[PDB]
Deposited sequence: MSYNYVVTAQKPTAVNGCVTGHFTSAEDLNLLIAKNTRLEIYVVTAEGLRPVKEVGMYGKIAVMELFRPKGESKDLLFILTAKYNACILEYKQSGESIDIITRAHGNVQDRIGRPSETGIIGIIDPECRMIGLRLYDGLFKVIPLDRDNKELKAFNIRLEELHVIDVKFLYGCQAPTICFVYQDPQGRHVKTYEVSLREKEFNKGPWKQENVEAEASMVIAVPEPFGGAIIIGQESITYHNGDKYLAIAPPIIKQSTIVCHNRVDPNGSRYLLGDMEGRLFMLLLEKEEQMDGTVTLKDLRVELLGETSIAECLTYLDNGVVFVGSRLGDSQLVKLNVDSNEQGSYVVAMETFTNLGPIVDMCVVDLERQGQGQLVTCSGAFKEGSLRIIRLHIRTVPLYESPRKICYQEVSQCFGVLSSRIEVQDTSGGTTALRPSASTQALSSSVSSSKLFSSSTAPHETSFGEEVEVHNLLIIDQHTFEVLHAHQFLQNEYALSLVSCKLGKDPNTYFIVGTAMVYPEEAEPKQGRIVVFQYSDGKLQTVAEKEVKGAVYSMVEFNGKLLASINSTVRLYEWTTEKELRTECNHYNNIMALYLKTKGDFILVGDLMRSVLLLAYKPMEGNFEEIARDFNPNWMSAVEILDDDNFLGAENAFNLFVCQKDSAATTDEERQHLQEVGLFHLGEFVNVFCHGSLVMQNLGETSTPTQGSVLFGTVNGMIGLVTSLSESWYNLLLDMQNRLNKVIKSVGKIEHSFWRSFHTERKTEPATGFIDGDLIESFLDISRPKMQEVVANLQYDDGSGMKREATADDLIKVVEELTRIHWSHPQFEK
């Protein structure tokens, strides 16, 4: 409602960065893994990874680096957040207690400027003298690393080149030298500069070159005694060092693009390369003092990697966003072709979550999600206890049919065009290895096509019972399971579209009704429509469908056909469609919320209210009759309500809640008792693999929790000294605003983790409106009871460190 509560049920599982070094101690190798807002520190042992510390950050980690300035015992950590909070951190251990000390902090945002489309780049020079940040186009930000710079004072230098791809610091230079690749109307070029801290200007670089591939994207700074840089492109790998030039065009890397790299040897002898499909490569540099040749070889297949890191004993960490992270072993020998990899450990990743459903509410619900993409796609069953069902293709939508005791999954696979006019599969997938198969109709280079299938899955064994392949060029968009009219049968209903590359807007589509009976899937009825069926919902025994921009209501006839009842035409596309009673919630991709009602006597649709604010929207939900929930651009949640106190105001929806979550929400579901003072229960799944819970509070509870939140902010020490209020503020490129109407449950549940004297300090002078009726000085025990009752609305996280 107007006052909501947001808590984390599952922490994000996707990896966006990882570094090695000596952070905990100078004699121990440490792996630091950056997940969204979570920092995990591991010690590299012979057995594997030993967790020691995990911390939460008040921001999304964008830059993470380890550096050792002169006169320091061990490494320091540099963190930059997506809201431009820059900190330098130290690891301190006094017996059992472990803390992260903040050495310097500040905000490096510029009041004017447009964020770069290629993102945020952060580099530290090998001599530990400055920090280079690329935050806005045409500007380069330098942070000196002197001891007496604790507010992180920075100055800006002007870059003539507006479109910069990558930038790095070079080894072996007497002055801090940077190398970067930029794009201009001529093409892409490589250039160097020298950075003077006295003059705060760019000097002339040691060398300049022009011969850079049109698809060059990666810069690698080779250490001593080689020096120079390696530029990685789609077809060629080049080494530039002054007058030296070497190039290779290996045929093995043309299939996919190299997206990540890491260094194996301290002197740059060997490097690790990873591409978009999961291939692992080795880059070898030959030496006589000077470089002779470059060689590339294939090591094997791993998960689709976002980052790669070497762990100093032949063990490599694969940090994935589309699938499970791996620890692999590089062997000198092989099985088929030289130097294969062997997997030894797998770490769970639930992201991305594109759809989900709640099942088995009779007795304690369970969550079934569509996770991953390409060969990493799978079904996750969450009780936390997680079970994995690999599909080896991309799951899109999911629903549950209780009468048949089966799941309906919409999926897609990628096939390449062969010379014979047909298509060939790249790997065995679920849709190719089903018990029974069917097609809608049979029809007949190196181009990738999408084939869409409907999969029936047993709820006990999770095997594939029936696969149905749709028409060529048909894109399946929606899926429902329901009973229609007076029919006692349950049906699978799929809404599709016809997508041709020469047509911008689909002009054809169809709605198909399937029935699963006696172990086979049959087609009952099909209806041809003149648009794309983006969404479908069951509306009081009828079918509500969204064709392009119109909303159509269908009736199920005794002859097993769909008959149109009423049409409603809008100016927007009905991408999002939710229902409660007789009310319909409509939304498009540009955050245009429309509230409609069905007039049963008149047999048409009436418009109740609307709210048009141009911003990118990813999901919506209905909390109750009056309040509606949604997800905004950046990573935000909003709540709108109606009829708050003429028709001008009654037809307007105003925003009563704003919050910055930090995650991109894809799906909302009513998981009332998935995990068995609060009202309602809604779950959401994000791109990073995070699962959250939204409940509704009353006025008194909201006031109490807001006051407790404000008091807790004064006593809890943040990592990097970021303020919680700034972190939770609604963020857009054009507007920033404090959060309203939302209670942060993670901070509230942090109350149980603090020491008793700090609890006494927090609970001092707090008037408690107990159930007795009269307010009295609250004690720590009452707030402990309140917080434990709040934690009971979701499961309990297990211990992380040993």
- line: Expected output for missing-CA ranges on the deposited sequence is 289-294, 370-371, 453-463, 665-666, 698-704
